[PDB]
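Engineer: could you work out the structure for the sequence below:
(chains A and B)
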Amino acid sequence: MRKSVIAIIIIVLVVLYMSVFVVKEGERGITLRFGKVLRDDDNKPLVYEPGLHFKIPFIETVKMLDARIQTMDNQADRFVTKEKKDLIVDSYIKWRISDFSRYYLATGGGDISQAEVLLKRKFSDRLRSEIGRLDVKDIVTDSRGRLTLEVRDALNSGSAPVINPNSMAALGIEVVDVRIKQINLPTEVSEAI
Amino acid sequence: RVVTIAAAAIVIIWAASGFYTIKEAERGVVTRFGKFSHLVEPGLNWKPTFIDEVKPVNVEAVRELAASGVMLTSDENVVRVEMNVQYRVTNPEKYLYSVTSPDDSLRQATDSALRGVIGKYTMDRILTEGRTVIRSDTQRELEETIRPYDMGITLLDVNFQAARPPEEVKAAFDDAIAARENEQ
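Structural biologist: Numbering: from 1, shown residues only, chains lettered A, B, ... in the order given. Let me share the structure:
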C-alpha cells in the first residue's frame, strides 16, 4: 500500500501547481479552451481580476492582455496645410484596453503592435483633415490642443448606444489623450517667411 | 457483449466532438447537407457530427479597407487621395451566399464611389472646403452602389481621410505666390 499511495500523492501535488495561475496587477487573463472560450455570467466573456484562479490542466489556456496605459509614438511626418506649408509633426498617443475580449479577436493574438498599427493609420489620417482646414499660425500657436482634441473626439465617437465601426469604441481601445511633441516649422517653409 | 462496447466507443466521440462553442465576435452558421439550417448564438451548443458544419463569421471585429488612387478632378488637375473604409458585417445568410468576396467587392465599390465624387469637385476645394461635403457624398454613394448586390455588409459611416496634392505640385503651383514674394 506504499507505491499506490505515494504515486497518487506526487501526481496530485503537481496537478494543483499546474492548475493554479495568477494574474499580475497590470495584466488581465481570459481563460480559453482548445478552440473555444469559457462563457459565464449570462453569456458574457469573463476577464480575470488580479487574483488566484484554477484551470483544468492541459484543457484551459490563458492569454495575458496588459491593462496598463500604453504609449504609442509617431515619428516625424509632413502634414500639408491650407497654404501648402508642410508641417513636420511628431506626436504620441495614450490608450487603454476597454474590451479585452473584443480586442483579442480584432487584434488577433493580443499584440500591442497591431493595435498601434491600426491607430497609426487612423490617427495620422484623421490628423490630416484637421490641419487641412487650419492655417500654419493656428497649428504652431495652438496651446489648447483643439485639433488634437477633435481628432480624439472623432476617433472615440464618430458621426452618422450603437457603436460606430469607425470609432475606437468598436474595438477594445480608448484613447485617453493625444499630444503633439514638436510642431516646429520645417526649413523649406521657414525660408520664405 | 463485444458489440455493445463498439457502440459505446463511437457514441462517446460523437457527443464529445459534437459540443462546440462560438466566440463572442463570431457567429456560427449551422448548415444541413445542402440547405442552411439555423444561426447558433454563443454558449455551448451541440451539432450532429458529420451531418452539419459551422462557419464562424466575425460580426464584431472591425475590418479595415484602405482605398487610394490618383484620381482626376474637374479642372484637369491631379490629386493624390487616400481613403480608409471601416465597416462591419451582418447575418451570414446574405454575406456568404449573395456575392463573391464581399470584402473585396466593397473595395471595388469604394474606388468607383471615391473616383466619382472627387471627379465633380475641384482640387483646391477638396483640400480645405470640400473635406466635409466629400465625406458626406462619398458615404451616400458607396451605400447606393452596394444596395442592388444585397450583400449583408452594412456601412455606418465613411469618413474621408486625405486629399493631399501630388508631391510634384506640393512645392509647385505657387508661381502666383512666388510672384507675390518677388513683387513684395
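Engineer: going forward, measure contacts between C-alpha atoms and count neighbours the same way
Structural biologist: Will do.
Engineer: where do the strands sit along the chain?
Structural biologist: Picking chain A for this. Listed in chain order, the strands of chain A (DSSP state E) span A:20-22, A:27-32, A:39-40, A:44-45, A:52-54, A:61-66, A:70-79, A:87-96, A:174-182.
Engineer: can you look at chain B instead?
Structural biologist: Going by DSSP E, chain B shows strands at B:19-22, B:26-27, B:29-31, B:36-39, B:43-46, B:57-58, B:66-72, B:78-84.
Engineer: among the strands of chain A, which comes closest to chain B?
Structural biologist: strand A:39-40 (6.3 Å; C-alpha to the nearest C-alpha).
Engineer: would you mind listing what in chain A touches chain B?
Structural biologist: Counting by C-alpha under 8 Å from any C-alpha of the partner chain, chain A comes close to chain B at A:36-37, A:39, A:43-45, A:80, A:82, A:84, A:101-102, A:105-106, A:125-126, A:128-129, A:132-133, A:158-160, A:164-166, A:170-171.
Engineer: try it again at 7 Å.
Structural biologist: Counting by C-alpha under 7 Å from any C-alpha of the partner chain, the residues of chain A close to chain B are A:36-37, A:39, A:43, A:80, A:82, A:84, A:102, A:105-106, A:125-126, A:128-129, A:132-133, A:159-160, A:164-166.
Engineer: among these, name the buried ones.
Structural biologist: Buried members of the residues of chain A next to chain B, counted by 16 or more other C-alpha atoms under 10 Å in any protein chain shown: A:36-37, A:39, A:80, A:82, A:84, A:102, A:105-106, A:125-126, A:128-129, A:132-133, A:164-166.
Engineer: and the longest helix for the chain?
Structural biologist: Just so you know, I chose chain A. Using DSSP state H, we find that the single longest helix of chain A is helix A:112-133.
Engineer: please go with chain B instead
Structural biologist: Longest helix in chain B, counting by DSSP H: helix B:102-120.
Engineer: tabulate the CA atom coordinates of that helix in PDB.
Structural biologist: Extracted C-alpha coordinates of helix B:102-120, given in PDB (Å, rounded to 0.1, in the frame of the first residue of the first chain):
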ATOM      1  CA  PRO B 102     -17.900  40.800 -50.200                       C
ATOM      2  CA  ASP B 103     -14.800  42.400 -48.500                       C
ATOM      3  CA  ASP B 104     -13.000  42.800 -51.800                       C
ATOM      4  CA  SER B 105     -16.300  43.800 -53.600                       C
ATOM      5  CA  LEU B 106     -16.600  46.700 -51.200                       C
ATOM      6  CA  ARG B 107     -13.100  47.800 -52.100                       C
ATOM      7  CA  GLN B 108     -14.100  48.000 -55.800                       C
ATOM      8  CA  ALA B 109     -17.300  49.900 -54.900                       C
ATOM      9  CA  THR B 110     -15.100  52.300 -52.900                       C
ATOM     10  CA  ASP B 111     -12.900  53.100 -55.800                       C
ATOM     11  CA  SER B 112     -15.800  53.800 -58.100                       C
ATOM     12  CA  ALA B 113     -17.500  55.800 -55.400                       C
ATOM     13  CA  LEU B 114     -14.400  57.700 -54.400                       C
ATOM     14  CA  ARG B 115     -13.500  58.400 -58.100                       C
ATOM     15  CA  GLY B 116     -17.000  59.700 -58.900                       C
ATOM     16  CA  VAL B 117     -17.300  62.100 -56.000                       C
ATOM     17  CA  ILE B 118     -13.800  63.600 -56.400                       C
ATOM     18  CA  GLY B 119     -14.300  64.000 -60.100                       C
ATOM     19  CA  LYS B 120     -17.100  66.500 -59.600                       C
END
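Engineer: quickly check: it near chain A or not.
Structural biologist: No. Using C-alpha under 7 Å from any C-alpha, helix B:102-120 never reaches chain A; the gap is at least 14.9 Å.
Engineer: pull out the buried positions in that helix.
Structural biologist: Across helix B:102-120, burial judged by 16+ other C-alpha under 10 Å covers B:102-103, B:106-107, B:109-111, B:113-119.
Engineer: how far off centre is it?
Structural biologist: From the chain centre to the centre of helix B:102-120 is a distance of 12 Å (C-alpha atoms, centre = their mean, to the nearest Å).
Engineer: just stretch A:80-98 next, same as before
Structural biologist: Its chain's C-alpha centre and that of stretch A:80-98 lie 18 Å apart, by C-alpha atoms, centre = their mean.
Engineer: in it, which residues are buried?
Structural biologist: Of all the residues in stretch A:80-98, those buried under the rule 16+ other C-alpha under 10 Å are A:80-82, A:84-98.
Engineer: now do the same contact list for residue 68.
Structural biologist: I went with chain A, as the question did not name one. Residue A:68 is in contact with A:26, A:96, counting by C-alpha atoms under 7 Å, 6 or more residues apart in numbering or on different chains.
Engineer: my question was about chain B, not that one.
Structural biologist: Listed by C-alpha under 7 Å, 6+ apart, the contact set of residue B:68 reads B:81, B:82, B:83.
Engineer: across the sheet, point out what pairs with it.
Structural biologist: Beta-bridge partners recorded for residue B:68 (DSSP bridges): residue B:82.
Engineer: name the residues of chain B found near chain A, please.
Structural biologist: So chain B meets chain A at B:21-23, B:25, B:42-43, B:61-62, B:86-88, B:127-128, B:156-157, B:161-162, B:164, B:170 (C-alpha under 7 Å from any C-alpha).
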